[PDB]
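Colleague: What follows is a structure written as C-alpha cells; I'll ask about it next.
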Amino acid sequence: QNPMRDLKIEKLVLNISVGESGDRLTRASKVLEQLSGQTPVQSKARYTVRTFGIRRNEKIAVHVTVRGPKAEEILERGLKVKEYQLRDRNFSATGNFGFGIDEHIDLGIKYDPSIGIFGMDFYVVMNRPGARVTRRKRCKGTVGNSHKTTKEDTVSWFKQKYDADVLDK
Amino acid sequence: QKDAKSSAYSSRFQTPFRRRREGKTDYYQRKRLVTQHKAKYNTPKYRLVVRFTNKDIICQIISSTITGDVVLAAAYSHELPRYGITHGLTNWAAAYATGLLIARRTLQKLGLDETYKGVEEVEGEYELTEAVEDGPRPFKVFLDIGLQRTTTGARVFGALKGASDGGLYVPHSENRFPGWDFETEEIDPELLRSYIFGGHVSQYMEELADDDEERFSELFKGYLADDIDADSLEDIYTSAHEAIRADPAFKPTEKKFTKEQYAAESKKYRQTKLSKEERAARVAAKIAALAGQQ
Amino acid sequence: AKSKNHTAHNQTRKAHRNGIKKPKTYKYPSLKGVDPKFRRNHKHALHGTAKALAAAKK
Amino acid sequence: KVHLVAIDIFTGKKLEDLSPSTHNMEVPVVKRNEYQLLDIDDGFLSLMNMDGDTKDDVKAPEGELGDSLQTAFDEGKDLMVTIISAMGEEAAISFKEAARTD
Amino acid sequence: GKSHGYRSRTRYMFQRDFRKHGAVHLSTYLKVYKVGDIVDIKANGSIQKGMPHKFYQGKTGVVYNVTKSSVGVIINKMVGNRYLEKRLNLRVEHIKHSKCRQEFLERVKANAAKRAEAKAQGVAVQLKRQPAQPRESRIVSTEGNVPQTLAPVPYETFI
Amino acid sequence: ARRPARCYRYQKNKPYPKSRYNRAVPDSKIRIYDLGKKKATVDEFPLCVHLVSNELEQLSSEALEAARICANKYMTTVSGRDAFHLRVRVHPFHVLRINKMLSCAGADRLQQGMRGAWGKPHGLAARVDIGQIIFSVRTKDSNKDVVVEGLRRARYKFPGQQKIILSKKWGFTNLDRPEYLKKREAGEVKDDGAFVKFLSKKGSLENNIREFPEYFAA
RNA sequence: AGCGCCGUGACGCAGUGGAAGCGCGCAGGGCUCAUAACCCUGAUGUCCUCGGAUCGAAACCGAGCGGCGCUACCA
RNA sequence: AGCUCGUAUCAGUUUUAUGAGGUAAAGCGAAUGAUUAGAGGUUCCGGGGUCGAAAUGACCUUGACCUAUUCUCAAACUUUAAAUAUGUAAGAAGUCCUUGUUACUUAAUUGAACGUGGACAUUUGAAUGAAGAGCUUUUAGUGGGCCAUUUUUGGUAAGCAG
RNA sequence: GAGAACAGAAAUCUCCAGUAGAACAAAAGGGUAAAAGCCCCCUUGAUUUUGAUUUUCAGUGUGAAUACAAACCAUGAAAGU
RNA sequence: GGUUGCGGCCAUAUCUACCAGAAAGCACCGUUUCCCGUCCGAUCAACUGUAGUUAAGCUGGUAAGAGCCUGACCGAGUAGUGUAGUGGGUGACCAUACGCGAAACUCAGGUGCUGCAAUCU
C-alpha cells in the first residue's frame, strides 16, 4: 500500500550569504525578490571574526522561503541547468537536499548591470503530510519512522521522475 | 547507532504533565484562570471553555475542584440541528449560536432566565449584561480558549458575543470583534451583524454562483440538495435564534443500543496483555527454535 | 591581647531557670494585622447583632 | 609614609608630596578618548566623534609632539589625535595615524 | 567577612526536588484556608515572591488573616527566654495543611458517634486513647512447628 | 627531602582534593599503576593475592612508588616480567599543607608565626581504612610464595600493620573459584583484554545469542 | 619567610578591548673602482607558557616559568 | 517588695498522629569535577610505514571519538539517606443541630466572622508529675573564664589557638 | 550529526535529536522551557496616603523585602499580573 | 469498554523498534473572497465536511528491551548512630549492654489509574 504516503515537496528556500553588509546585500535582496515576486528576509551575525572581517549583528545575509508549483518549477529549472546529474555525496541523510551555484541569471532572469553576479544556496525540503502535526500549536507529535523520509525512497521517486540518474557515491 | 539514547539521560529525565505531553493545555493560563481570591473561600471561578475541532465546536461552562473540573452546561454544533442548522457547523455564526445556547442553558437550569433575558433584537454592538437593581447579579464567567491564537475576528469571540447576548456576564472589550478598524478605534455593527446572519458566506456563495460552477457543485453540495440561498440563510439563522430562546432544554439521544452491548463488542474485539506463563512460553520457544540450533 | 570571641555556653541553663514561657493565649485576640475589609464588615455586623439581641431581649 | 613625585600632565610641572601609606589620597577619573582630526581653523584644534561633529576643542598643544603633528597634518592621511578629560580641562596627549580602511 | 542574609545557608533547603522542578500542581490553589486552621510551612523555591524565612521552613502554625493570593500565619519563636508570636504573610504554594489535625477531627466525630451509641444503650464507652499496653498470655502449639535448635556460626573471613 | 610521614600519617583533617578551588598542586612521583603481563587473561592467572590494611591512615605517593618498585623488582628479578600482573588500588587525591617557616637563626624578626596559619600544598597522599586493599596481584600457585614475598617487601616499606591475604576469588573478579569453573565449562563468559564480559539473564536475548553461543548449544 | 613590580621584532623602549609605534639593526636598488656615509625602497614581533571571563585581548583575572625590587625594627 | 486567683490558660519528659532537614553512611557500569588500564569498533577521521602512479583502493602501527567494562575519589558533587536533635495536635475558648447580624462575598439565605436557643459529662477526649498557677515593679553583681566525654576547624604537634 | 557555491575547523540556510548541558547586568548558589530565556507590541505601578509584618534584633533604628486597604493607572480578549 | 472536550495524581504514564486498529469520534486533508499575519494561507485567521486515507498523529500489544515504580524470609541487623562503664588496646580503633537502623547490589512483580459532560456497535 501507498494511499497518501506518496512523496512531495514541502518547500524550497533560497539563501545568499553575502560576505559583508551593504549595497551588495541590498542587490542580493533585489535579485531574490525579482525572482520570487515577494520581499526577502535579512539575516544578522552570531559572533565575531576578522578572517572574514566581520562583527556581531552586522547583517551578513538574506533568504526567502517559497512553496508549491512555483517552487517545483524553479526546482526543475535548477535541475535542467544542473544537467539532471547529482551526487549521493551531495545528497543529505534525510532525502532533503540542495545545491549552491553561481550565475543566477541562468534561471531565466532579465539581468541588470547593477546587481552583478551572485552565487546562491538552494535548498529543498520534501515530506509527506503531518507537516503541521509537527509544526502546529495543538496535539504536537513526532512522526512515524514509516512516514519519515530517506535517501533511498526520495532518490527513487526523484529518478523515476525525468528518468534522471545520479552518481554512485 | 543514533537511535539509542543514554541510560543516565533517560533516568534523570523529568516528564511534563499529561496534558502538556499531549499538547493540549497551558497551565500558566489554567492557573491564572482557576485560581481564586482566597477571601471568597468556596465560591468558584466559572470558566467558559471553548475549543475548536475540524467539523465541530465545543463550548462548556466549567468550575474546578480537587478531583476534577466540574461542568454546568454545554453546547454543540452536532446538536444544533434540533434548533435548525444543517451545514456550516464550524463557522462564526454557529459559534455565536452555540454561545447563545450555552447562555440560555445556564440561565434555564438556574432560573436566572426570566430576568436577564439578554438580547433578542441584535445589531452587532458592544454592551455587557449590566446587573438588575435590587435583585440577583448576572452570572460572572471568564473565557478560556486553551492554546488558540487570540486574534481579531475569530469564532471564539463570536461565541463570546453569543454568550453576552444570551445573558452571561463575561468581561471583555470590543477591540477583537471583526469590523474593529485598527487606526480608527471604533467597531462596525453593520459588518458585525452581517457576520451574525451570514455575510461573508453569502459573498462566497454569490461568487461561486457567478464564476465557478464546478466548485459550486463540489462544495455547497448539501445546499444544492436542500435548496438554500443568500436570504434563506439569514431567515434560518433568525428562526434558529428564536428556537434557541424557545426550547434550550437539551433533549439527548436514545443511544440505539445499550452500554454493556457497546462494551461487549469493544471488549470482545479488544487485545489483552501477554501473561507470565505465556511470556515463559515466548522465551522458551525462542530457545527451542533458535538456541536449539534450528 | 586576644579574648574568647563567642560561645552559646550556659545560655540555655540561664533560660531554663525561669525560661521558655508560652505566650498567654486569649479569647478574642488582637485584630491588628487583620484585613480591614473584614474589620469593617465585622464591626458593622457586631453593632447590628448587639442592637438586634438587645431588641430581642429589651 | 610615601614620598610621591608626579608630573602635571596638562602643564608639565613636577609635584612632590608625602603622606602616610594608609591615609586616603584623592584621584580623579582620567579618560583618553581617541578623536579623529579635520581641517584646523584658528588656534583651536578640531576633532570630531563617530556620532557627532561637535567640539571646537582643546586648542593645539604647543609641544614637540604638537609641532610634528602640525607638520603631519600638512601631508594628510586620517589623523586620530588622542586626548584626556581630567576634571574638565581637556588637552591632547598623543596621536595615531591610519593605514587601512580607506 | 561574616555574611548573614535573608537567603543564606539555604542551598539544599530551597532546592526544589528531584524530578519535580518546573511548575506547581493545582491542589495547592484549589485548597481552602480559614482562620484557626493549623498549617505546615515548607517553601517552594520556584516561587520567589511571598517566601518564608529559613527559620520558618518546615514548621507549623495557625491562621489569623486571609487575602487575595496570601494567608496570615502565627508562629511561636524562641528568642532568648520567651516564645514570641510572629505573624507571616505567606503564599499558598508554601502553605499546606496538617494531616495530624485532619485525623484528630476524624477521631473527634467518631468519638461523638460512640457517645451517641452510649446515649442509645448506656454501655461505658471508655473513649480515651491508651498506649500499647503489655500483652496478655496465650498458648503456642507445636504441631508442624517443632523448635529448631540454633547456635552461632564460626568466623569465616569471607574475602 | 620531605617532611616525615609521622607528621602526615593519620586522617586528622577532612578530604582536601584537587579542584577548581586549589588549582595548583605538586604532582606525584608514582605514575604507573599496573605492571607485569596486564594483557593476560582470567583463566591464565587464577591466583589473586592482596595487600590490605588493619590501620586507618594516609599513605603517600612516595611510599606507594617505592613499594611498587620494590615489589616489581622482586618479581621481575626472580620470576620474570610476565609471570604476574600487579595493580595498585589506592589513588592519591588528598593534599597535604605546610606552613613553611624559616631554617635560620634570626628568624624571630620576620617569622610572624601562627598568624597566617593556613599552609600551602607540598604533596599528596591516599586515605585508607580497615580492609581497604592497597595492592593486588594475579599469578599462579608456583609463583605464590615469590609474590607474597614481594608484598612482604612492600609491607616493610609501608608504615603500620598491613596484612597479606590470599582471596577465595579467581583473579580480580568478584567471583570465587568453583563457581567460575562451572561458569567456564558453561558459557556465560567471554574474555576481554584484561576483564571479562558476562551473560545477563536480563535484557537483549538477541545480543546474548549474537554473543555466548555454546552455553545455549550445551 | 611576607608583599609588590616587570617579560613587545635581532636589540633598547612606547602601546589605551575594535586591533601594534619609534630609533637602531637587516635586506634590495642607485652614487663610489670597493666598503662607509649618502639618496630611493621593503620586511620582521607564539606580544614568557597554560586556562578563564569577554562577541573578540598583548592589555582583564587566576596558575606555572624566569629577572628584579621592597620588608627584616624593639629586645 | 509583693499583687490576682486556688489545682489550672502548665512541663529542659514519654507515647499516638503528622510535618521539615540533606550531616553520618552510601554511589560514581547515575549527572558535574578529578582519575587508572585494557579490549572491540568508526577511520569521508590525527600522525603516519608499506603495496603501488594514484584511487572515500588495500594492509600495519600510533593518538582521538563511539560501545559496553574495570580500579580509586569529593568541606565548597549527588539519585538515595538515617541515629540524635526539631515544629504542631491530643477538645469546654470544643463538636453537632436550628437561625440572627453585615456596607464583606456569592448567580443565589450561598459563604465568612461573631452570636441567640438546644443537646453532648463523670474517661470532657493519650501517659506521668504538679513542690501552688499566673503577673508586675525595682535593683545588685556580672559582661577576663577554664576543664572533661562525644562532634570539630587551623596547625607536624602542643598543659596551642578556636 | 547529515548536507548546501565561494565557504575551510569557525561566515549564512534547512532537517533530526537536544530536562537545560545555554540565557537571565555582575560573585556564587538556588529558580525558570507555550517561561522569568530570545524577538515583537504597548506603557512608566520605579506613582500617592500612610499603617501591619519578616530579617539582622534590644524584637530599637538603618537597609532590603513580604501581604493588604483607600486612590489613580498601565497591559491583556479576559481571568489576572 | 472505545472516542472527544475540561481535568486530579504528574513516567506503572517516559524513550526506542515494529504489529494491529470493526464502527464512531478525533486527525490527516480540500480552498484563499471575507476578518487577520507572515519572506511565504508552512504557523495563525476565514470557508466547506465536499474530493479521498486510517499511511502519519492518536489508542492498544509485543520486547528474557533501556528507563520508572513496588516487594523480599536478598545483602544486612552490615555501614552509621543515641545512652553507660576506673571496658580492651601504645595508639589509631574495637568489643559488650540498653536502643534506632541505611544505601549500592541480588532476586520477584508491575508498565497508568480515575472524576465531570457528550458520543460510539
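Labeling convention for the C-alpha cells: chains A, B, ... as they appear, residues from 1 per chain, ligands from 1 in order of appearance.
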Residues within 10 Å of residue I:30, please, as a PyMOL selection string. Count only C-alpha atoms (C1' of nucleotides); anything in the same chain fewer than 3 positions from it doesn't count.

Modeller: chain E and resi 7+10-16+45-46

Colleague: Mind dumping the selected residues with N, CA, C and O atoms as a compact mmCIF listing (two decimals), in the first residue's frame?

Modeller:
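Wrote selection.txt, looks like this:
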```txt
# COMPACT_ATOMS: atom_id res chain seq x y z
N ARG E 7 18.63 34.89 52.61
CA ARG E 7 18.66 33.59 51.96
C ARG E 7 20.05 32.98 52.06
O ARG E 7 20.57 32.44 51.08
N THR E 10 21.00 28.18 52.61
CA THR E 10 19.68 27.80 52.12
C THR E 10 19.69 26.93 50.87
O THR E 10 18.60 26.70 50.32
N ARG E 11 20.86 26.50 50.37
CA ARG E 11 21.04 25.84 49.07
C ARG E 11 20.16 24.60 48.94
O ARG E 11 19.21 24.59 48.14
N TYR E 12 20.43 23.57 49.74
CA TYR E 12 19.64 22.34 49.71
C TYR E 12 18.25 22.53 50.29
O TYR E 12 17.40 21.65 50.13
N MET E 13 18.00 23.66 50.94
CA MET E 13 16.73 23.90 51.60
C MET E 13 15.70 24.43 50.61
O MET E 13 14.54 23.98 50.62
N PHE E 14 16.09 25.37 49.76
CA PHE E 14 15.24 25.85 48.69
C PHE E 14 15.53 25.17 47.35
O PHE E 14 15.00 25.61 46.33
N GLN E 15 16.40 24.16 47.33
CA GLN E 15 16.38 23.16 46.27
C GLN E 15 14.98 22.58 46.13
O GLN E 15 14.39 22.15 47.13
N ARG E 16 14.43 22.63 44.91
CA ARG E 16 13.02 22.32 44.67
C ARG E 16 12.70 20.88 45.05
O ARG E 16 12.05 20.65 46.08
N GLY E 45 10.85 26.99 46.45
CA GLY E 45 11.84 27.87 45.86
C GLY E 45 11.54 28.34 44.45
O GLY E 45 12.14 29.31 43.99
N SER E 46 10.62 27.67 43.74
CA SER E 46 10.21 28.11 42.42
C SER E 46 9.32 29.34 42.44
O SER E 46 9.04 29.90 41.38
```

Colleague: Distance table requested - chain B against chain A, cut-off 9 Å, only C-alpha atoms: one row per qualifying residue with the closest atom pair and its distance in Å to one decimal, ordered by chain and rising residue number, as CSV.

Modeller:
```
residue,atom,partner,partner_atom,distance
B:21,CA,A:140,CA,8.6
B:22,CA,A:139,CA,5.8
B:23,CA,A:139,CA,4.7
B:24,CA,A:138,CA,5.8
B:25,CA,A:138,CA,8.5
B:147,CA,A:137,CA,7.0
B:148,CA,A:137,CA,8.1
```

Colleague: What lies within 9 Å of residue D:16 using only C-alpha atoms (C1' of nucleotides), ignoring chain neighbours under 3 positions off, as a VMD selection string?

Modeller: chain D and resid 3 to 7

Colleague: Please save C-alpha atoms of the selected residues as a PDB file, in the first residue's frame.

Modeller:
```pdb
ATOM      1  CA  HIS D   3      57.024  60.194  49.000  1.00  0.00           C
ATOM      2  CA  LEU D   4      55.375  60.701  45.601  1.00  0.00           C
ATOM      3  CA  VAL D   5      56.729  62.573  42.576  1.00  0.00           C
ATOM      4  CA  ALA D   6      54.317  63.144  39.725  1.00  0.00           C
ATOM      5  CA  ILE D   7      54.134  65.190  36.518  1.00  0.00           C
TER       6      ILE D   7
END
```

Colleague: I want to know what sits within 8 Å of stretch 52-57 of chain C, based on only C-alpha atoms (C1' of nucleotides), with residues of the same chain fewer than 5 positions away left out; could you give that as a list in words?

Modeller: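 The filter keeps residues 100, 101 and 116 of chain H.
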
Colleague: How would the residues just chosen look if you wrote them out with N, CA and C atoms (P, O5', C5', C4', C3', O3' and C1' of nucleotides) as a PDB file, in the first residue's frame?

Modeller:
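Done, and the output landed in selection_27.pdb:
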```pdb
ATOM      1  P     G H 100     -34.467  33.638  61.803  1.00  0.00           P
ATOM      2  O5'   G H 100     -33.604  34.740  62.560  1.00  0.00           O
ATOM      3  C5'   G H 100     -32.771  35.632  61.841  1.00  0.00           C
ATOM      4  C4'   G H 100     -31.951  36.483  62.776  1.00  0.00           C
ATOM      5  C3'   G H 100     -31.035  37.492  62.107  1.00  0.00           C
ATOM      6  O3'   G H 100     -31.753  38.659  61.723  1.00  0.00           O
ATOM      7  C1'   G H 100     -29.848  36.325  63.790  1.00  0.00           C
ATOM      8  P     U H 101     -31.396  39.427  60.358  1.00  0.00           P
ATOM      9  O5'   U H 101     -30.041  40.199  60.675  1.00  0.00           O
ATOM     10  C5'   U H 101     -29.937  41.064  61.800  1.00  0.00           C
ATOM     11  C4'   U H 101     -28.503  41.440  62.047  1.00  0.00           C
ATOM     12  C3'   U H 101     -27.742  41.922  60.829  1.00  0.00           C
ATOM     13  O3'   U H 101     -27.984  43.289  60.571  1.00  0.00           O
ATOM     14  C1'   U H 101     -26.421  40.385  62.069  1.00  0.00           C
ATOM     15  P     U H 116     -24.395  33.107  72.460  1.00  0.00           P
ATOM     16  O5'   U H 116     -25.933  33.325  72.112  1.00  0.00           O
ATOM     17  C5'   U H 116     -26.602  34.534  72.433  1.00  0.00           C
ATOM     18  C4'   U H 116     -28.052  34.451  72.044  1.00  0.00           C
ATOM     19  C3'   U H 116     -28.782  33.222  72.561  1.00  0.00           C
ATOM     20  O3'   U H 116     -29.196  33.354  73.916  1.00  0.00           O
ATOM     21  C1'   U H 116     -29.255  33.522  70.256  1.00  0.00           C
TER      22        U H 116
END
```

Colleague: Can you pull out the residues contacting stretch 136-140 of chain F? Cut-off 8 Å, using only C-alpha atoms (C1' of nucleotides), and skip same-chain residues under 2 positions away; I want them as a PyMOL selection string.

Modeller: chain F and resi 45-51+83-89+133-134+142-144+147+171-172

Colleague: Quick one: write out the picked residues with C-alpha atoms as an mmCIF file, in the first residue's frame?

Modeller:
```
data_model
loop_
_atom_site.group_PDB
_atom_site.id
_atom_site.type_symbol
_atom_site.label_atom_id
_atom_site.label_comp_id
_atom_site.auth_asym_id
_atom_site.auth_seq_id
_atom_site.Cartn_x
_atom_site.Cartn_y
_atom_site.Cartn_z
ATOM 1 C CA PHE F 45 46.178 -16.105 36.045
ATOM 2 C CA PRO F 46 43.975 -17.857 38.639
ATOM 3 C CA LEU F 47 45.636 -16.900 41.920
ATOM 4 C CA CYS F 48 44.926 -13.476 43.354
ATOM 5 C CA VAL F 49 46.854 -12.151 46.328
ATOM 6 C CA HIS F 50 46.142 -8.954 48.222
ATOM 7 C CA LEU F 51 47.617 -6.343 50.482
ATOM 8 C CA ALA F 83 54.547 -14.241 35.465
ATOM 9 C CA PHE F 84 52.154 -11.851 37.244
ATOM 10 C CA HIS F 85 50.000 -8.753 36.995
ATOM 11 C CA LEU F 86 50.390 -6.172 39.763
ATOM 12 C CA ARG F 87 47.770 -3.466 40.338
ATOM 13 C CA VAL F 88 47.791 -0.684 42.900
ATOM 14 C CA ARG F 89 44.326 0.027 44.248
ATOM 15 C CA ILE F 133 43.084 -3.077 49.767
ATOM 16 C CA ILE F 134 46.374 -1.352 48.907
ATOM 17 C CA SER F 142 54.073 -21.784 41.550
ATOM 18 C CA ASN F 143 54.639 -18.003 41.803
ATOM 19 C CA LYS F 144 52.694 -17.855 45.125
ATOM 20 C CA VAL F 147 54.745 -12.818 45.026
ATOM 21 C CA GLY F 171 41.767 -13.095 39.608
ATOM 22 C CA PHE F 172 40.422 -9.574 40.106
#
```

Colleague: Write out as a PDB file with C-alpha atoms (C1' of nucleotides), in the first residue's frame the residues lying within 8 Å of stretch 2-16 of chain J, counting only C-alpha atoms (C1' of nucleotides) and excluding same-chain residues fewer than 5 positions away.

Modeller:
```pdb
ATOM      1  CA  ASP B   3      18.732   5.610  17.527  1.00  0.00           C
ATOM      2  CA  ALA B   4      19.856   4.910  21.107  1.00  0.00           C
ATOM      3  CA  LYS B   5      19.512   7.414  23.958  1.00  0.00           C
ATOM      4  CA  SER B  10      16.563   8.606  30.390  1.00  0.00           C
ATOM      5  CA  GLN B  14      11.635  14.525  34.160  1.00  0.00           C
ATOM      6  CA  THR B  15       8.377  14.194  32.235  1.00  0.00           C
ATOM      7  CA  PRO B  16       5.981  17.113  31.854  1.00  0.00           C
ATOM      8  CA  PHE B  17       2.357  16.855  32.907  1.00  0.00           C
ATOM      9  CA  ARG B  18      -0.065  14.714  30.876  1.00  0.00           C
ATOM     10  CA  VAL B  49     -14.131  26.882  27.954  1.00  0.00           C
ATOM     11  CA  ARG B  51     -12.325  24.532  21.814  1.00  0.00           C
ATOM     12  CA  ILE B  58     -17.209  22.838  21.875  1.00  0.00           C
ATOM     13  CA  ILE B  62     -16.722  24.683  33.906  1.00  0.00           C
ATOM     14  CA  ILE B  66      -9.603  18.840  43.622  1.00  0.00           C
ATOM     15  CA  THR B  67     -10.700  15.585  41.939  1.00  0.00           C
ATOM     16  CA  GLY B  68     -11.523  17.096  38.561  1.00  0.00           C
ATOM     17  CA  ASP B  69     -13.167  20.004  36.813  1.00  0.00           C
ATOM     18  CA  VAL B  70     -16.950  20.031  37.086  1.00  0.00           C
ATOM     19  CA  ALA B 263     -18.720  -2.589  25.873  1.00  0.00           C
ATOM     20  CA  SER B 266     -15.255  -3.472  22.287  1.00  0.00           C
TER      21      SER B 266
ATOM     22  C1'   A J  24     -17.915   6.122  15.774  1.00  0.00           C
ATOM     23  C1'   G J  25     -15.191  10.408  17.234  1.00  0.00           C
ATOM     24  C1'   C J  26     -10.730  12.847  16.537  1.00  0.00           C
ATOM     25  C1'   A J  66      16.565   0.816  28.367  1.00  0.00           C
ATOM     26  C1'   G J  67      14.085   3.930  31.968  1.00  0.00           C
ATOM     27  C1'   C J  68      10.426   4.261  36.200  1.00  0.00           C
ATOM     28  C1'   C J  69       7.618   2.113  40.449  1.00  0.00           C
ATOM     29  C1'   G J 110       4.121  -4.203  37.592  1.00  0.00           C
ATOM     30  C1'   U J 111       4.071  -0.699  32.755  1.00  0.00           C
ATOM     31  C1'   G J 112      -1.114   4.306  34.109  1.00  0.00           C
ATOM     32  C1'   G J 115     -13.502  12.429  38.164  1.00  0.00           C
ATOM     33  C1'   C J 116     -17.395  15.871  35.157  1.00  0.00           C
ATOM     34  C1'   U J 119     -20.738  10.380  21.968  1.00  0.00           C
ATOM     35  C1'   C J 120     -19.952   5.061  19.622  1.00  0.00           C
TER      36        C J 120
END
```

Colleague: My list of candidates is B:229, B:217, B:11, B:245. Which is closest to residue B:118 when distances are computed with only C-alpha atoms?

Modeller: B:245

Colleague: Would you list the contacts of stretch 71-78 of chain B as number ranges by chain, taking every protein, DNA or RNA residue within 8 Å and counting only C-alpha atoms (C1' of nucleotides), but skipping same-chain residues closer than 5 positions in sequence?

Modeller: B: 56-63, 89-90, 94-95, 98-99, 101-102, 105-106; J: 116-117

Colleague: As number ranges by chain, please: all residues of chain D that backbone DSSP puts in helix (DSSP H, G or I).

Modeller: D: 64-74, 86-88

Colleague: Compute the chain H side of the contact with chain F at 8 Å, counting only C-alpha atoms (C1' of nucleotides), and hand it back as JSON, numbers by chain.

Modeller: {"H": [33, 34, 35, 36, 37, 38, 39, 69, 70, 71, 72, 73, 74, 75, 154, 155, 156]}

Colleague: Using only C-alpha atoms, find the residues of chain E whose closest atom to chain F is at most 12 Å away, then write them as number ranges by chain.

Modeller: E: 156-159

Colleague: Given the selection you just returned, output its residues as a file containing N, CA, C and O atoms, formatted as a JSON list (two decimals), in the first residue's frame.

Modeller:
```json
[["chain", "number", "residue", "atom", "x", "y", "z"],
["E", 156, "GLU", "N", 34.31, -16.94, 59.52],
["E", 156, "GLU", "CA", 35.00, -17.09, 58.25],
["E", 156, "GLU", "C", 35.22, -15.68, 57.74],
["E", 156, "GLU", "O", 34.36, -14.81, 57.94],
["E", 157, "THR", "N", 36.37, -15.45, 57.13],
["E", 157, "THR", "CA", 36.76, -14.09, 56.74],
["E", 157, "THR", "C", 35.87, -13.54, 55.64],
["E", 157, "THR", "O", 35.53, -12.35, 55.66],
["E", 158, "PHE", "N", 35.50, -14.39, 54.67],
["E", 158, "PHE", "CA", 34.64, -14.05, 53.53],
["E", 158, "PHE", "C", 35.24, -12.90, 52.72],
["E", 158, "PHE", "O", 34.63, -11.85, 52.53],
["E", 159, "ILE", "N", 36.45, -13.13, 52.23],
["E", 159, "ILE", "CA", 37.03, -12.28, 51.21],
["E", 159, "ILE", "C", 37.50, -13.13, 50.04],
["E", 159, "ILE", "O", 36.76, -13.99, 49.55]]
```

Colleague: Can you work out the spacing between atom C1' of residue J:56 and atom CA of residue A:7 in Å, to one decimal?

Modeller: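 Computed distance, atom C1' of residue J:56 to atom CA of residue A:7, equals 12.7 Å.
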
Colleague: Could you list the residues in chain B lying within 6 Å of chain H, using only C-alpha atoms (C1' of nucleotides), and format the result as a ChimeraX atom specification?

Modeller: /B:8,40,137-139

Colleague: Using only C-alpha atoms (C1' of nucleotides), determine which residues of chain H fall within 10 Å of chain C; present them as a PyMOL selection string.

Modeller: chain H and resi 9-10+12+93+100-104+112-116+134+144-145+162

Colleague: Residues of chain E within 10 Å of chain I: nearest atom pair and distance (Å, one decimal) for each, counting only C-alpha atoms (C1' of nucleotides), sorted by chain and number, as JSON lines?

Modeller:
```
{"residue": "E:4", "atom": "CA", "partner": "I:56", "partner_atom": "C1'", "distance": 7.8}
{"residue": "E:5", "atom": "CA", "partner": "I:55", "partner_atom": "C1'", "distance": 7.6}
{"residue": "E:6", "atom": "CA", "partner": "I:55", "partner_atom": "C1'", "distance": 5.8}
{"residue": "E:7", "atom": "CA", "partner": "I:30", "partner_atom": "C1'", "distance": 9.4}
{"residue": "E:8", "atom": "CA", "partner": "I:29", "partner_atom": "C1'", "distance": 9.3}
{"residue": "E:9", "atom": "CA", "partner": "I:29", "partner_atom": "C1'", "distance": 9.4}
{"residue": "E:10", "atom": "CA", "partner": "I:30", "partner_atom": "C1'", "distance": 8.0}
{"residue": "E:11", "atom": "CA", "partner": "I:30", "partner_atom": "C1'", "distance": 5.9}
{"residue": "E:12", "atom": "CA", "partner": "I:30", "partner_atom": "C1'", "distance": 8.3}
{"residue": "E:13", "atom": "CA", "partner": "I:30", "partner_atom": "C1'", "distance": 9.0}
{"residue": "E:14", "atom": "CA", "partner": "I:30", "partner_atom": "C1'", "distance": 6.5}
{"residue": "E:15", "atom": "CA", "partner": "I:30", "partner_atom": "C1'", "distance": 6.3}
{"residue": "E:16", "atom": "CA", "partner": "I:31", "partner_atom": "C1'", "distance": 8.4}
{"residue": "E:19", "atom": "CA", "partner": "I:19", "partner_atom": "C1'", "distance": 9.2}
{"residue": "E:21", "atom": "CA", "partner": "I:32", "partner_atom": "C1'", "distance": 9.0}
{"residue": "E:22", "atom": "CA", "partner": "I:32", "partner_atom": "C1'", "distance": 7.0}
{"residue": "E:23", "atom": "CA", "partner": "I:32", "partner_atom": "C1'", "distance": 8.9}
{"residue": "E:44", "atom": "CA", "partner": "I:31", "partner_atom": "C1'", "distance": 9.8}
{"residue": "E:45", "atom": "CA", "partner": "I:31", "partner_atom": "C1'", "distance": 6.5}
{"residue": "E:46", "atom": "CA", "partner": "I:31", "partner_atom": "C1'", "distance": 5.3}
{"residue": "E:47", "atom": "CA", "partner": "I:31", "partner_atom": "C1'", "distance": 7.9}
{"residue": "E:48", "atom": "CA", "partner": "I:31", "partner_atom": "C1'", "distance": 7.8}
{"residue": "E:49", "atom": "CA", "partner": "I:66", "partner_atom": "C1'", "distance": 7.6}
{"residue": "E:50", "atom": "CA", "partner": "I:66", "partner_atom": "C1'", "distance": 5.7}
{"residue": "E:51", "atom": "CA", "partner": "I:66", "partner_atom": "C1'", "distance": 7.5}
{"residue": "E:52", "atom": "CA", "partner": "I:54", "partner_atom": "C1'", "distance": 7.8}
{"residue": "E:53", "atom": "CA", "partner": "I:54", "partner_atom": "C1'", "distance": 7.4}
{"residue": "E:65", "atom": "CA", "partner": "I:68", "partner_atom": "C1'", "distance": 9.9}
{"residue": "E:66", "atom": "CA", "partner": "I:68", "partner_atom": "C1'", "distance": 9.2}
{"residue": "E:67", "atom": "CA", "partner": "I:68", "partner_atom": "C1'", "distance": 6.8}
{"residue": "E:68", "atom": "CA", "partner": "I:68", "partner_atom": "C1'", "distance": 8.5}
{"residue": "E:69", "atom": "CA", "partner": "I:67", "partner_atom": "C1'", "distance": 8.7}
{"residue": "E:70", "atom": "CA", "partner": "I:67", "partner_atom": "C1'", "distance": 6.7}
{"residue": "E:71", "atom": "CA", "partner": "I:67", "partner_atom": "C1'", "distance": 8.0}
{"residue": "E:72", "atom": "CA", "partner": "I:67", "partner_atom": "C1'", "distance": 8.2}
{"residue": "E:79", "atom": "CA", "partner": "I:59", "partner_atom": "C1'", "distance": 8.5}
{"residue": "E:84", "atom": "CA", "partner": "I:59", "partner_atom": "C1'", "distance": 8.7}
{"residue": "E:86", "atom": "CA", "partner": "I:53", "partner_atom": "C1'", "distance": 8.4}
{"residue": "E:87", "atom": "CA", "partner": "I:53", "partner_atom": "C1'", "distance": 6.2}
{"residue": "E:88", "atom": "CA", "partner": "I:53", "partner_atom": "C1'", "distance": 6.3}
{"residue": "E:89", "atom": "CA", "partner": "I:67", "partner_atom": "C1'", "distance": 5.1}
{"residue": "E:90", "atom": "CA", "partner": "I:67", "partner_atom": "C1'", "distance": 7.5}
{"residue": "E:91", "atom": "CA", "partner": "I:67", "partner_atom": "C1'", "distance": 9.0}
```

Colleague: Please indicate the distance in Å from atom CA of residue F:158 to atom CA of residue F:60, rounded to one decimal place.

Modeller: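 Atom-to-atom, atom CA of residue F:158 and atom CA of residue F:60 are spaced 9.2 Å apart.
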